[PDB]
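A.B. asks: My sequence and its experimental structure, below.
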Amino acid sequence: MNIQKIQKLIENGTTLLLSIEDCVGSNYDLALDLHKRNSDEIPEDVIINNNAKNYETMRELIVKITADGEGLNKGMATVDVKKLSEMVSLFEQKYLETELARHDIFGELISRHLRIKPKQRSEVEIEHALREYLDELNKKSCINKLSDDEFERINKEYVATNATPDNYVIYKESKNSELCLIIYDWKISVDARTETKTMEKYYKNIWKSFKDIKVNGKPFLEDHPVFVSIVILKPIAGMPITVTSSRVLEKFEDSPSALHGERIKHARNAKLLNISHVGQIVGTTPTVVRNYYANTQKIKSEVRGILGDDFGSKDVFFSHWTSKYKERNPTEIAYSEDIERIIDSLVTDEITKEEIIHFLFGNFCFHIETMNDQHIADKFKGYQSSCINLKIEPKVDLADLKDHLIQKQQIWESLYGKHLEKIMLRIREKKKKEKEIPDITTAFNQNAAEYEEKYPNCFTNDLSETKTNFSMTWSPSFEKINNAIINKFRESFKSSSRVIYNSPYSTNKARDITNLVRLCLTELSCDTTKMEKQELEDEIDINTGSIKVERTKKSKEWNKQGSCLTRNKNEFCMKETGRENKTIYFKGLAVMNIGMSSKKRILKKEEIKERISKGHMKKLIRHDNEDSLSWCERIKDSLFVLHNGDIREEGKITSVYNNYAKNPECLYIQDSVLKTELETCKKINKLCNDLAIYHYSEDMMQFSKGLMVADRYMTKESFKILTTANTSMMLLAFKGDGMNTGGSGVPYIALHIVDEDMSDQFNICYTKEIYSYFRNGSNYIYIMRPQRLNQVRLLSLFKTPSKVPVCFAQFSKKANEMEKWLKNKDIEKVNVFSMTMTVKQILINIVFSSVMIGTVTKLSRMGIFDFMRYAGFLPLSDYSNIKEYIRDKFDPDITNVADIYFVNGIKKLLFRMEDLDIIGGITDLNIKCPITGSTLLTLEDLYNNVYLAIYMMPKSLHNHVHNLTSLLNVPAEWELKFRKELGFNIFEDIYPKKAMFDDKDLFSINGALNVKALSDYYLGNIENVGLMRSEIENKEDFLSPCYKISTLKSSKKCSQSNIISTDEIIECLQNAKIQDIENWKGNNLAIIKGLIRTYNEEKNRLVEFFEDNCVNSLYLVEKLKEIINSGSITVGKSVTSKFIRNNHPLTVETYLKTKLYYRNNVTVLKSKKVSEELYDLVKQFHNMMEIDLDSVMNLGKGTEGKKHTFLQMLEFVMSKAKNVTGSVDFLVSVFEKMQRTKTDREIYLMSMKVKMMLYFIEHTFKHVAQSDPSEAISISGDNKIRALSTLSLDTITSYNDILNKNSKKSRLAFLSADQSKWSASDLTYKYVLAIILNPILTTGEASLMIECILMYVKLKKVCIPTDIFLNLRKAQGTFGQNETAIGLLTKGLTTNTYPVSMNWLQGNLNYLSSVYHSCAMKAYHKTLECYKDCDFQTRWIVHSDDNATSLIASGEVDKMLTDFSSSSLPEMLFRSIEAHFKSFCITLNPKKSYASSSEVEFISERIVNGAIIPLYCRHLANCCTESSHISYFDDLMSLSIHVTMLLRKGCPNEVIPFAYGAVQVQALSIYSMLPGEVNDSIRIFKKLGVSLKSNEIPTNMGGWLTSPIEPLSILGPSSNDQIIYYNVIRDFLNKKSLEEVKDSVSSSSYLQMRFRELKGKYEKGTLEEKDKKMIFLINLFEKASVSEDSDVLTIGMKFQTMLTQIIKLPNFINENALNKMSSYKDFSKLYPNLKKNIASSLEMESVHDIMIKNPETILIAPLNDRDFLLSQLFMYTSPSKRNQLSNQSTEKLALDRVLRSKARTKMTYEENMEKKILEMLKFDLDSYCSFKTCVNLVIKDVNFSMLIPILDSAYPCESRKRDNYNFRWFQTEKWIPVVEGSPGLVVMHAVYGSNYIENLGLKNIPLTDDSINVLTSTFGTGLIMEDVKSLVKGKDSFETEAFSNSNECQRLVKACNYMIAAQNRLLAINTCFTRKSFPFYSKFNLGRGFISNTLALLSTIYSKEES
RNA sequence: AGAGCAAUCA
RNA sequence: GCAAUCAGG
RNA sequence: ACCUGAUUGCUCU
């Protein structure tokens, strides 16, 4: 309903009553006129009487509404609005009855004068028309007479359609003529769009009904005529009437029936009507009928004006509009005139300007059959005014437009031959320009020569000049058995100077380092005799997260033991040592380069410029260095000898990996079916144990963890001594750089006690990094180089125990000879001394690969492994990159050796492939790249190894300044290339259309081809335009409030522009008081320092700044002089990005504003939050410029309160953006994406206005993508990718096998394509050209769409970030005085922003670009099918930047390859796609795109002949590298999702226990320390004596991943909790299986009996240990709600789990980001500074009173604006609500968490866990409701209760189940019993991507909701008084939550929801009126406790079948 | 010495 | 790595 | 002003 409509019907009552009285008079005059000539009864009499009674009905209705609405306009509250709405409804259905009656009156009037008069009928339908025509054909004798046998199968094959005609007639010309029928319709309208719509609807459903129906092998319509005749009279002037009649025969667009002239000409020569106007009609008075018809339209204007169009002929779907810019049109009413130059660019000689305009602005008549009404009127008015604005005479009517455009598509169709000869010409031109490289070695040499030209003298033969070999990390094996290692090293270093300084391969720094270590070991370090113990570190809880060891001087006592001053039992400083010792120590620090002498820094910075600039300091090696190859082979052999020297047998990593792989049969339920493969996994585990893979990576973790924690509050004159769990490893971790800045890091010295047995091999191993070594006793002491790691690199070293052992497992499975030797030999006989040379060499290479992949830390490995990502394109047909990719995109950045092994392995594979289900390796005999590994079993193994070594790498290893400068060099170069190519100037604006976008090469489209292709694509894709618009505005939340959209609500970054105003700078300088130099703090001091620094740098800029922004500039200049001459200020020199780091942001903003004034305005973007900025925009819309507490609460009560729409917010954005503000809205910030690559990609922060506009841009094409079957960006998760590529390859292979039966010739090809620069090289004005062709839109939001893209492209400029901008300005000021493309787009780096023009911002346009890529391939299809010689069929799969295009050819194949200048069909496919895309401004990359005959690579996971190469290695890498870092249970949950996906995508026999181990090590090592140390959970449970055994501890309680692999494959990552809960229910309720358990539970008063038995056992004291498990886990389930941190109101949360997170550590929340957040500013403003960090008690009391008064803002997602913006204010109330904001992300949070785990978080982690478990061991009363809902949740799971019996009773093998054994057991017994117990399939082998079958979130989401309601009620009542157990009769909500928390509130409301099923419709009024607490916190959740669902598991496609 | 190759962190 | 003070050059 | 030594504080403005 609409109150605006209810008011608009009131004031029109006078004219409505006059029109109704005139209607009554005209109807009575018509009745008298008919009755005086026909005294008998007529068919018009009944409808005339119905018209009369409905007319007096609406007369009484409008009288009553006019009487009632007198008080509504004065605002009286006693107006019956619902009664007025009901009367409006009665008015409207009475008017609908009169409209139908008037149509029937027209039909009965015209039906007398027909040449074929139809019989009078009331209800008519095409169905009965067709049945009666068929039986009349069967009965009557005619030429086209049907037979009796032919009668039945027409109706059998017939498909019914739903439409409502007006009449139908069957007519005979003569006795021996043909029987035919004519469909009659009677519609009345002024413009012929009704005629066109009705006639095309009738044509289309008759054609769809009779398309497949054939008579005697002929079409049905050829012999049997069906006629459609539609008659319209125009109700203006002299009442002209016309008939449009046509015969349906074929498709309408290919029929002669398309033209209106042929309709009226076919109406002629048969004389259907004898009538030109109704005054000719016999028996009717002309003036009476004309007055009555105009009289009806003079209420048809009014009723349709007020009530809109609620006609509903076929439910119409009520296409709404977008009103404010609705009246405007894309040309001459937008901000700039651009469509005219678009048209002038589009016009050619063959196709003219007026034709281009007509087609472009009127291609809606082609989709005219299924639009709603008045959309036609809006779009045609827009077309008419667009033609008027473009100075072309518009076509007057839709009929003439249709005849025009039919002739125009006839001339349009002869363009694809021109495009075909164009692409043939371009193919033959590109054939003669490419250069054939002779050999792969010469391609490598050419790439090396080009790299040497780019970087001079980089390659060197001096192998000693390279970087470090075995990373910055060494863990040698050791032989002896915390401080003991340290005194061992002290007794080692007390010996004399027999040290031997080492040459790098074949030295004052070495002497200096050896002296420093011998000083720090002899005269500095002492032992652990002191008993003060370690100091525990707390937080500060002001900025919660900053852990402090406190400045209270009890921590900084520094101690003593003689002369050492140790803290924390390992750190010691120097303060009272000798002066010679201090000089030696400082020379050690100078060689270490910790602490820069500024003299040396300035001297080096001047010297490098003087040395280099008169003629990049990279030192390189070549790819063909056989000396390096021999050195690396020695490196390998020495590493294998070194790794076997460990004798340790117990450890920490050894414990978890031995638990998960020593006996992995406990991960199954059928252990006895596979024996040798479990033995193979045990053999791999034993090889890792004996080779100390687990032990070595344990020292890797201890290394990294102690090295991170080794940066603390110490100064430069101290050092920590670090020890791992090794018996002889030690680091000297000195004073660092960061821990919070991401700088260089912590320098250290490594020392080792490798003995004489491994001394020489160790010297071959670490020769590049050994500085000195000397002999002590029977041992050798080795000292390594000074070494640094960044914090991300230390995290990379911390992920080593998840990285290295799974590398060994997967690589040793994929090594053929190693795997078959492991099957040959036995587990008790596998040893290091028992291989042959080949298998031993395989083991050396595989340990090298495991170590060298788990310890990547340099970008060279990124480079070679990206090269190997695109080095697998060789073995399939036309690759075109076996030489070209190596020549162009291979990066030779080999900065050391140990990557020359990878280069040699790939070069050996390259040379073997050059020497010449798909199995590669038995006949190719190729070589694996990382693990050499000959006799390759399957190409799947090679891609799994290579892609795992790619994806298992860390993310952000890039240096920030270099990465950002390269990532800003990319778009500046790619825009300057266009600007210098098409000849525009830097200073001048875009000049958008220069008409050089007409089929040229670099930046151009074809134009006319594009518009024809887009019209064809919309014709072939957009069906049911009205329904598509309806689901667009429904599903994409367009009419929903803007915060309801996840893309606009989710906490991302937007980077709005935010600078301080120059006026504020002026008065901040003016009110400065020089007498208050010591009183300035914060903002004024910041502005003063910025002005001082800018005066120190550039005086004239401030001179002109104050001249142009102030009148008395001399006062400001002399004030600047007085404030520099004061001497109380702290000036600064050039301190680069640290000047950004250690200062207020206000200083650098005023410094940049006063530095960058060149007659312009400069702005700096600050990265704000998306939700906070949307809150700001809601404030700006609703006119709260400043927040008022009463103004928000005074308006917005309930769902009837004030709201907004996304469209209204969008037009408010354009209203605020069209003003002249310098256009700071379209400013994009470039940031570094963490792309796991050497060549980095980038992420973008576009402003919130741009995000809203671009969300509209993108998501109005989301449903266009959804209706496209050949497109894969509208994907249902990641499953639709593989599924729809599977449909492509399966359908194409079936098509080829069909075409190979009885044909002359047929051929097949495929292309996997990656476009070169999908964003930078693409034209964007094709989007402007293509939005106008949308039939979904109308002019009024389409003009908004064009103006969006136009402003977004013309006024777009990217902005340099401030730190790298000032680095570039530093380079300008002191080194360069010249610059690259950034310094040419910018006027010599005097602006912080540079313009990019049509590089559309990558990743933000994902649906539009993919939709238009699919349109381009449809253009390719209709271009290539214009080949008259041959016939081609294609099926394409499209992603943003990615493509998979297939092709099938038949005909004169060899001749067509001769015309296409290709050796084969894949070659012609590659070249034709390249030329065709190059005509679409789509640059196909010739390197990373290969055309095959059997392989498809769409985005990944190549499928061959319909068999997907599984590629589980991406999940295997995601299981070890990426974790969430939020909690331990959260990390285990997130990694178990990837474990389940890994199992579902297929994994071999030996790698999944290692994957279980890897996710366990990642979660435990990060959060809750893995056993053998403190903060363990198994140790804490054993200490507290809980009855649970070690392998069923719940994961939220700190337990391990204990789920079996079958439920972890079928159920999901909650299967561990469900399995342990099912086990304890089966244990307590003493039964045997799940069916018996649920049968015992299904009878009531049984759980009551067991709970009373448990109560009696607890009373007596006879608590047996089975029941102790029961009390503990139901207390865990029942008190998992509150726990710690339940203040989060997370609805729609992840992890599909049962329990909660229990304990979550507080994230670091600085005050700087809080005070930067504007919503926190508004919070601190509306509630003052007493709540910013006794009156604060009353402040929070008021905030909780208005919590409890409106808890809808905090319970569920916001409804109105009184539920959202004040929710954003309330989001900072109390701690653990502020702990959900962090700009920390993944990389720097793990160091915070490992620092938090062993700290006081005041208690600590183990104290909190101990007190929590001690509280859960109690029997808090009335837990029966919790026990009942827990047992109900376990029992009700249908998928679990179907999986468990068929897993317990699964037959093992045979009978077409498990006839194979090669890794198909986790195919068959994982899914085939489950996927035949759940809806059936015919599959045996496949790959699996499942649904959301286990949607177990129906309990944990109300667990979170009941937690937040319980805890906000707890804050409220604990604030309102202390000692709350039962209240003192407060208000009703307080009494109800008292009832709630007197018992277990969560479990009582779960029981309450278990009986009741009320479920009110959530109107925010009635739900509050029924009852407050229990239904408002149960049924507001949009659901209740209900059942789960099971599906068919979605088996995508069949893998290769073995039987 | 180390991280990187935009002349940058120490 | 920074911040300021106190000295020396 | 610019560099070394002695003090305490920041260890994510």
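C.D. replies: Received the coordinates, thanks. Numbers count the residues shown, from 1 in each chain, chains lettered A, B, ... in the order given.
A.B. asks: now the strands for the stretch 501-650 of chain A?
C.D. replies: A:566-567, A:571-573 (DSSP state E, counting those that start in this stretch).
A.B. asks: Paired strands for the shortest one, with orientation please.
C.D. replies: What that stands for is strand A:566-567. strand A:571-573 (antiparallel) (DSSP bridges).
A.B. asks: so how far is the partner strand from its chain's centroid?
C.D. replies: 48 Å (CA atoms, centre = their mean, to the nearest Å).
A.B. asks: What is the burial count for residue A:190?
C.D. replies: Residues within reach of residue A:190, counting by other CB atoms under 10 Å, total 12. Every residue, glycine included, has its C-beta placed from N, CA and C.
A.B. asks: What segments of the stretch 1901-2003 of chain A are helices?
C.D. replies: Listed in chain order, the helices found in the stretch 1901-2003 of chain A under DSSP state H, counting those that start in this stretch are A:1932-1942, A:1945-1955, A:1966-1970, A:1973-1978.
A.B. asks: Identify each buried residue in the third one, please.
C.D. replies: Judged by neighbour count using 16 or more other CB atoms under 10 Å, the buried positions of helix A:1966-1970 are residue A:1967.
A.B. asks: send the alpha carbons of it over as PDB?
C.D. replies: The C-alpha coordinates for helix A:1966-1970 follow below in PDB (Å, rounded to 0.1, in the frame of the first residue of the first chain):
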ATOM      1  CA  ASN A1966       3.000  -7.300  16.300                       C
ATOM      2  CA  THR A1967       6.000  -9.400  17.500                       C
ATOM      3  CA  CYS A1968       6.600  -6.800  20.200                       C
ATOM      4  CA  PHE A1969       2.800  -6.800  21.100                       C
ATOM      5  CA  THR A1970       2.500 -10.600  21.600                       C
END
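A.B. asks: what helices or strands is it leaning on?
C.D. replies: Helix A:1966-1970 makes packing contacts with helix A:1973-1978 when contacts are defined by 3 or more CB pairs under 8 Å, 6 or more residues apart in numbering; DSSP states H and E.
A.B. asks: Now the helix it packs on: buried residues?
C.D. replies: A:1973-1978.
A.B. asks: Of those residues, which ones also sit close to RNA strand D?
C.D. replies: Contacts with RNA strand D within those, as defined by CB under 7 Å from any atom of the strand: none are present.
A.B. asks: Count the neighbours of the residue in the stretch 1801-1950 of chain A positioned nearest to RNA strand B for me.
C.D. replies: Closest to RNA strand B within the stretch 1801-1950 of chain A is residue A:1801: 29.4 Å, counting by CB to the nearest atom of the strand. Residues within reach of residue A:1801, counting by other CB under 10 Å, total 20.
A.B. asks: Now do the same contact list for the closest residue to residue A:1017 other than its chain neighbours.
C.D. replies: Once flanking residues are discounted, residue A:1017 sits nearest to residue A:1415: 3.7 Å by CB to CB, 6 or more residues apart in numbering. Contacts here follow CB atoms under 8 Å, 6 or more residues apart in numbering; on that basis residue A:1415 touches A:1013-1014, A:1016-1017.
A.B. asks: that older thread, export the helices of the stretch 1901-2003 of chain A to a markdown table and append columns for distance to residue A:1613.
C.D. replies: Shown next, in a markdown table, are the helices of the stretch 1901-2003 of chain A (distance: least, CB to CB, whole Å):
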| stretch | distance to residue A:1613 |
| --- | --- |
| helix A:1932-1942 | 32 |
| helix A:1945-1955 | 23 |
| helix A:1966-1970 | 35 |
| helix A:1973-1978 | 27 |
